[PDB]
């Protein structure tokens, strides 16, 4: 009777609810797009993040909620877009002739059409990921909030000549800012999100990714501590990274205990360089990227420098100590396909030749060689005469066949003189040199850290994994130099036998030979050499780890290692700036 006063308390509660709802923060799902404009392809990366809008606080992204939903299809790389445009508008073999770059300004719309074909494929792919991975309720939130796009180019067009690349970016941004209105997804960009990223930045962003995913980087009490003097330190040591991609290799490490460096070495403070907001703990990080050290890049330059040395090249046969006994290939830097019959199919197509980028850079018709002897000498010391036409620039002279000798020690010594410690810097490395480091050997010589290191890159990992699979390395392997050189010496001493089931690697113990592993021994020599240079440093890393991925809260990786998560964080963490660019201006800045 007087117990139906619960009705009174129901009405008061309906009011109380309605008021909490109008005073609290509200969470909403946002999609973010990072377009990886790499050396071998242009690829979309679709992320999902949780946003929160608070009364009198605006809207912000929860950094720990960032997750990769899908990395899409491998489309045309930017170098191919640009070189196809030059092929049609400057004429064929523009690589071997002087070109009047001014005259190319009359072909900007034609470049726009070239760029349009690629962007339509990427948008189509991005929208399919978004349509297939999201429910209807999620799509409402993602479609309403707008979709920030971050297209960044790396090593592939980093060394591109003249004004062409920077003009392409202008076209790419206009293309992104005008998506099809049909799908409903509001993609948008600006010159801060869509731009070429320097090697040092590519390196800094992969360092931010690693530390974020591994929970070493944070500003909350769980990941950091404020001392009695108001300085915020991270609870766990920030880890450094070595990433070996398709065309370049990055070496990034934080400097421990506020170390004193030589004046020539340029370290970067995360706060002063506006990489990380002031609320995050401070760090002085060494970040250096080497062109010609990526997987495809180093393979073309290694063959060309090795097979130009009379200790290796004799009577038409180049003896390659980095290749297996029984392995044989055509004397070229062209893409290798290991056929089912055991034979090595060397691709003749100039675009697919691994020396094409270097030979394109190394031309007297490129103002960067034409006006600078230092750059010409760098080319010539890597056996590329810039005066010769493109076809002979990439040709291995007086060489018909390359024969594998499977001698790991000779491979290590060759990787050392050619790639790790060359007499002159490898071509197109002014960024590294300006930082104080001409080569890899100089890195751990001038700067060293006790910071733990993570080695990344497909082939960097396959080097260690293969040796672990054959029980040549312990599963707990932690970077022991002698233990790796002994394992690789054994694996690399293997004979290639051609059987009914194809080419096999025989171990005294067997695995099949293929296009991914035929030259894995070169990467093992690169790892050995790098560990040796790391072990000679004044300060040695606390540990070294090879990780394919980093597990998230649910024992499953939230996102991939690389620069993509880092580039997002570098924008989203600057709360005031992100709110104005992504939400205040937003996609509506494009209403026309």
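Positions refer to the first chain, counted from 1.
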item	value
Deposited residues lacking coordinates between residue 508 and residue 509 (none, 1 to 3, 4 to 9, 10 or more)	1 to 3
Residue range whose averaged C-alpha B-factor is higher in the record, 447-455 or 390-398	390-398
Stretch exceeding the other in mean C-alpha B-factor - 234-242, 262-270	262-270
Which of 465, 476, 202, 284 ranks first by CA B-factor in the deposited coordinates	476
Highest-ranked of 566, 63, 38, 552 once sorted by CA temperature factor in the record	552
Relative C-alpha B-factor of residue 365, binned into the chain's lowest, middle or highest third	middle
Modelled-residue ranking by C-alpha temperature factor, third containing residue 27	lowest
For residue 385, the third of its chain into which the C-alpha B factor falls	middle
Relative C-alpha B-factor of residue 321, binned into the chain's lowest, middle or highest third	middle
Record-listed C-alpha B factor of residue 298: chain third	lowest
